[PDB]
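Presented as structure tokens, the chain that follows is alone, the form deposited without ligand NAD.
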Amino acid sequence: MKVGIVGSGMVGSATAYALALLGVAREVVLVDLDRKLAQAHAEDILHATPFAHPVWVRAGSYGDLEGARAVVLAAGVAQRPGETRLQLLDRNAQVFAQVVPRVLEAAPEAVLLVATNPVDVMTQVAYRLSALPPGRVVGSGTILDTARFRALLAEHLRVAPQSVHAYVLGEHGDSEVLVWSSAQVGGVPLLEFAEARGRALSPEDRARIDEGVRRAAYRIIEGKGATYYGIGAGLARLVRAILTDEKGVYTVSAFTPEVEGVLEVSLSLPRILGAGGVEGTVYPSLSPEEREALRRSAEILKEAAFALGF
């Protein structure tokens, strides 16, 4: 199978590296306006393959995406000096206006995986331009935050991360919602399980975990300038789910008809991911606070998108 990646920057290239090291697909094609950039990353990664799995990583044009089951959209422009977020947001939106058509022209049956930030708005942008069914356009959303939430809970509770069922939903960023109320461990309520195991989650413990999840991007950016290793692996996992028609549940962003009253907005919710993209939503129980937090965040996202023209 073949996987395409448009945008060969740190996110795009890290994703290609992870796909290679984990042997997710036989062929990986990197596409970027900067031809040499893509060729360099591809060749650098190709030197790693003898030490992992036989994967053919190369740079190419949109036409080379022919037959790709999934195409990652990690395209964007470097923020020029004297430019606001809304100014930059408009530019990346323009980039997508070009990229989306090109990609589909070569591979009209691929699932589109949006990674460019802000992921939720850009997922909506890609969806409107794709003219494809809602489920065919998926954004990475809160997949990393959900996984980190489970990891921190697992450490606190002294249990395997695989046994922790917990989600981070909504808008990827400072307004994301940590769903404490309906989280579970081995099927039993989280908080209940914690206390019972002599590892009660106190308000202080919850605050510490919240900052551990919510401010990860902040800390990483402050120390290295950008984040990419985590999302590269997360994206590689979503690609794997699509290529293997896994039908697994992931907190990813997708165009949603209605969310707590808010209409036509893209945000993260637990969704079944397979060969055709997302094919079902598993809405969990929410506390009044979580539901209200999700609603308000969705409301804002709807306006942010509408204001941008989508």
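The first residue of the sequence shown is number 1, and the count goes up from there. For the two forms, the rigid core is made up of the largest set of C-alpha atoms that agree within 1.5 Å on superposition.
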When the C-alpha temperature factors are averaged for each of 233-241 and 85-93, which stretch ends up with the higher value in the entry? 85-93
Per the entry, higher mean C-alpha B factor between 213-221 and 123-131: 123-131
Return the residue from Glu258, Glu27, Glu43, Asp34 that has the highest Cα B-factor in the entry. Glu258
For the listed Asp145, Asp205, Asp174, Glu192, which has the peak Cα B-factor recorded in the PDB entry? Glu192
Of the three thirds of Cα B-factor ranks in this chain, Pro108 occupies the highest
Ordered by C-alpha B-factor within the chain, which third holds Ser268? Give me lowest, middle or highest, please. lowest
Using the B-factor values recorded in the entry, state whether the Cα atom of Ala78 falls in the lowest, middle or highest third among the modelled residues of its chain. highest
C-alpha B factor of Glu290, ranked within the chain: lowest, middle or highest third? lowest
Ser182 - Cα temperature factor, lowest/middle/highest third of chain: lowest
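Although not depicted, the form solved in complex with ligand NAD is the subject of the following passage.
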Sole residue of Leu37, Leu46, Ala275, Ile272 within 4.5 Å of ligand NAD in the deposited bound form, by heavy atom: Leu37
Would you mind picking the one in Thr227, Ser182, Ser175, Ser130 that has a heavy atom within 4.5 Å of ligand NAD in the deposited bound form? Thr227
With a 4.5 Å heavy atom cut-off to ligand NAD in the deposited bound form, the contacting stretch among 206-214, 109-117, 130-138, 190-198 is 109-117
In the deposited bound form, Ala70 touching ligand NAD (heavy atom, 4.5 Å): no
Would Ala25 count as touching ligand NAD in the deposited bound form under a 4.5 Å heavy atom rule? no
Using a 4.5 angstroms cut-off on non-hydrogen atoms, would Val31 count as touching ligand NAD in the deposited bound form? yes
How about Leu169 - does it come within 4.5 Å of ligand NAD in the deposited bound form, if we only consider non-hydrogen atoms? no
In the deposited bound form: members of 1-25 within 4.5 Å of ligand NAD, any heavy atom: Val6, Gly7, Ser8, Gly9, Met10, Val11, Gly12
Taking only shifts of 2 Å or more in Cα after a rigid core superposition between this form and the one not shown, tell me which of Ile220, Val95, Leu201, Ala233 qualifies. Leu201
Superposed on the rigid core, does the Cα of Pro161 end up 2 angstroms or more away between this form and the one not shown? yes
Shift of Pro118 between this form and the one not shown at or above 2 Å (CA, core fit): no
So, superposing on the core, is the move of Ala131 at the CA at least 2 angstroms between this form and the one not shown? no
